[PDB]
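There are 2 protein chains.
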Amino acid sequence: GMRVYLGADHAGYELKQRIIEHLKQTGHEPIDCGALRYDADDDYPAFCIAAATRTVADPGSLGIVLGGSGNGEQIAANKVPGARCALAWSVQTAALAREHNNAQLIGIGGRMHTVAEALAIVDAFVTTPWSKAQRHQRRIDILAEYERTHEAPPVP
Amino acid sequence: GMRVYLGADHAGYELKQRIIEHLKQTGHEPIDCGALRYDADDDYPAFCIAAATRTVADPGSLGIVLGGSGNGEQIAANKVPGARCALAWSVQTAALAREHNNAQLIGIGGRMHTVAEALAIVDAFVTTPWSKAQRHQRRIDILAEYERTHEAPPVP
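Chains as they are written, first to last, in PDB author numbering: chain B, 3 to 158; chain A, 3 to 158.
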C-alpha cells in the first residue's frame, strides 16, 4: 500500500479522477492536490508543484502529475527541490523510473493513452521497487549535489 | 534551433553520434557536450547539466540528451535554472514540447526506438516553432517565478 499525491490541470483532470478511484480499489492511498473541478483555462504548474512538494516532504510517498502530454507537468515537478519526476508513457518506462531513477513521481499524458493503458502504467509505477544499485545511487547523488549548489560538475 | 547541444553517457552515446551526423546533414550545428567516447562506467548527470546549461545560456539554441529511457537525463537537465526539458517519445510529443512548453531540450530514450524513429523525433523537435500563445507563456512564467523564489504558487 502506497501513499500517492496526485496533481492535474484540466487536460489531466478526468484521468486523475479515474486514477484516484483505481488506486483506492487496489489498496493504495490517493491524495488529491487539485484541480478539484474541471476548468478549461486553468494552469498546470501550481498543481504539479503541490504534488511534488508534498511527495518530497512525505518520504516513502509517490506522486503522479497528469496533463495532455505530461511533459509540462513533469518539467514543473522537477523544479521542486529533491523531486525526481519521470515521464511514464509505457509500463516499461514507469517500471524503470522506479527501478533505475528512484523517481518519486511520474507524469502521464492523458491524451496519449487509453484509460486501460494509463492504469497499467500507474500499476507498474506503484509496485516496482527501487533497485538500490550503486551506479544509480551515485548518479542520483551527483544530481543532488548539483541541486544543492547549482555548480555544474565537470565532465570527464 | 540551429546550434544544438547534445549530451549522453554510454547508454546514449552511439545514438548521440548518429544524431550529430544527422544534424550536420540537415543544416544544423551540433555541439557535443560529451561523452566524447564510449566509457561503459561514466555517469550521465554532468553531460546533461552541461548540455542544458549551455543551451539556456545560448539564445535560439536547442539541446538533446540521450539515454536508455531518457528519463534520468531529462530529470537532470530540468534541474538547470531556466531549462525546460521534455521527454520526447514520438513526433507528436517532440512537436508539442516546442509548441506548448517552449522546451529548449528533449530527452530521447535510445532503447525505446529504432534509429529511424529517433531521427524523426529529432526532426520534429528542431523544426516545430514555439507558438508564443498567451496561456503557454503564462504557464512558463509561473514556473519561472517558482524557480526564482521557491514559493509554491497557490492552488485555486
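We treat Cβ as the ideally placed atom computed from N, Cα and C, and that holds for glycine.
- Pairing residue 87 of chain B with residue 140 of chain A, the inter-Cα distance amounts to about 22 Å.
- Contact fails between the stretch 109-121 of chain A and the stretch 148-157 of chain A, because fewer than three Cβ pairs, one in each stretch, are under 8 Å apart.
- Not a single CB atom of chain B sits nearer than 8 Å to the CB of residue 68 of chain A.
- Contact between the stretch 70-87 of chain A and the stretch 100-117 of chain A is established, with three or more Cβ pairs separated by less than 8 Å.
- In terms of beta-carbon proximity, residue 132 of chain B stays away from the interface with chain A, with every pair separated by 8 Å or more.
- Under the Cβ distance rule, residue 150 of chain B does not count among the residues neighbouring chain A, no pair being separated by less than 8 Å.
- Taking CB atoms only, residue 71 of chain B has a neighbour in chain A less than 8 Å away.
- Within the same chain, Cβ atoms closer than 8 Å to the Cβ of residue 26 of chain B are found at 32, the five residues on either side in sequence being excluded.
- The beta carbon of residue 125 of chain B lies closer than 6 Å to none in the same chain, with the five residues before and after it left out.
- In this chain, residue 83 of chain B is not harboured by any alpha helix (DSSP H), its DSSP state being neither H nor E.
- DSSP places residue 35 of chain B outside both helix and strand once states are collapsed to three, so it counts as coil.
- Within the same chain, no Cβ atom closer than 7 Å to the Cβ of residue 135 of chain A is found once the five residues on either side in sequence are excluded.
- Chain-ordered listing is empty here: chain B has no CB closer than 7 Å to the CB of residue 10 of chain A, the nearest sitting near 12 Å.
- As the crow flies, the alpha-carbon of residue 61 of chain A is around 49 Å from that of residue 29 of chain B.
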